[PDB]
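Number of protein chains: 2
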Amino acid sequence: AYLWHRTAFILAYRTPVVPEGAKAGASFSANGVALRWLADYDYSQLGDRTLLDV
Amino acid sequence: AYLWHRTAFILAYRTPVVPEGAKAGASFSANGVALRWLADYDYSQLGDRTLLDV
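Chains as they are written, first to last, in the authors' numbering: chain H, 220 to 273; chain E, 220 to 273.
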């Protein structure tokens, strides 16, 4: 069991910025944390690559 | 020191076009020269890339 006061632990989150050259992505949320979604096409590997980050 | 007539030297400029596969870019100016700006996201390097050219 863990018993803590509010000030004991600190969490910080930052949503990464979708840059100018990236195709406009989406935005998602995990328990109230904003996640950046991004998709880029690998022509050289003939596929799609997605990244979902914070 | 250089003393020249107007007809002595010639400059020519051409702005590159933004291709179909590139996310549409801006167009800037430098001494009246139109410069093609372009941006592309490197998923492998996890970062954006910008090129400004003529």
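By construction, the Cβ of each residue, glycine as well, lies at the ideal position given by its N, Cα and C atoms.
- Here E:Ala258 really is in contact with E:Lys242; their C-beta atoms are around 6 Å apart, less than 8 Å.
- Using a Cβ distance threshold of 8 Å, E:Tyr262 and H:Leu270 count as a contacting pair.
- H:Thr226 carries a helical assignment under DSSP once its states are collapsed to helix, strand and coil.
- The beta carbon of E:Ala258 sits closer than 8 Å to some beta carbon of chain H.
- H:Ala249 is outside the set of residues whose beta carbon lies under 8 Å from a beta carbon in chain E.
- Around the beta-carbon of E:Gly251, fewer than 16 other beta-carbon atoms lie within 10 Å, marking it exposed.
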